[PDB]
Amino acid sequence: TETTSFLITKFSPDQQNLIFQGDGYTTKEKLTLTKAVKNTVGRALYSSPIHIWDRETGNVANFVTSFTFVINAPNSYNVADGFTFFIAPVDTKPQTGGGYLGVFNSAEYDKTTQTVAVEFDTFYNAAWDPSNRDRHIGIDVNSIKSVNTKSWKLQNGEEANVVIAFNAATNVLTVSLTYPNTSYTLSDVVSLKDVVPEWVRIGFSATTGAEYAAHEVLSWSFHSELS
């Protein structure tokens, strides 16, 4: 058995178990991935590599992460681009900004990205986003074009409680988002061992483009178990 777990109830100014990229930084109880400014990207990774699957045994990890995030849009109707929770190679680095959310580079499947992300997408990108043009939760596998999405009403400035669980027996990745004032779930079968390397880093990403909003994380826990 190999397990990794952590809990951050409130971020500190020197959150040394996080790796920051782009504009990500911790400040005043919060993890800020971006401020409400154009054309930016912020990411933060958990410091330790996580052992998500093993090939000798072929086993995959069960894991769960929960976190509370806030999107603060100065202009409530012009919100972009969103935020994600992601699983990527250990040396992951920010990818394209804007509608690509800092985690992918194309709406086509790219095996070299080796990334699974759960996106909370505030801006309709016509080339790939769901044609109903709603903001949406999505599950992304090596592409910005989600393999499954669920429409989602953003509550500007409200705390969103997210739980993301992966069941290694069924390859099922479940997402839930809850506001204090409304609940959304979304699941899909994800063959993690075919997507991400055996070791990964996990983290958050958020971006802005021509439209913008602040993206913040208030707390984060994670637990994986690999038999």
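Each residue number is its position in the shown sequence, starting from 1.
- Where coordinates are absent for parts of the deposited sequence, a chain break appears; between neighbours residue 181 and residue 182 it spans 4 to 9 residues.
- When the two stretches 187 to 195 and 26 to 34 are set side by side, the higher mean Cα temperature factor goes to 26 to 34.
- Set 51 to 59 against 162 to 170 and average the Cα temperature factors; 51 to 59 ends up higher.
- Highest C-alpha temperature factor among 17, 12, 219, 207 per the entry: 12.
- Residues shown: 104, 109, 128, 86. Highest C-alpha temperature factor in the entry: 109.
- Residue 115 sits in the lowest third of its chain by CA B factor, as recorded in the PDB entry.
- Among all modelled residues in this chain, the alpha-carbon of residue 99 has a temperature factor (C-alpha) in the lowest third.
- For residue 122, the recorded CA temperature factor ranks within the lowest third of the chain's modelled residues.
- The PDB entry assigns residue 139 a C-alpha temperature factor belonging to the lowest third of its chain's modelled residues.
- Ranked against the other modelled residues of its chain, the C-alpha B-factor of residue 146 as given in the entry falls in the lowest third.
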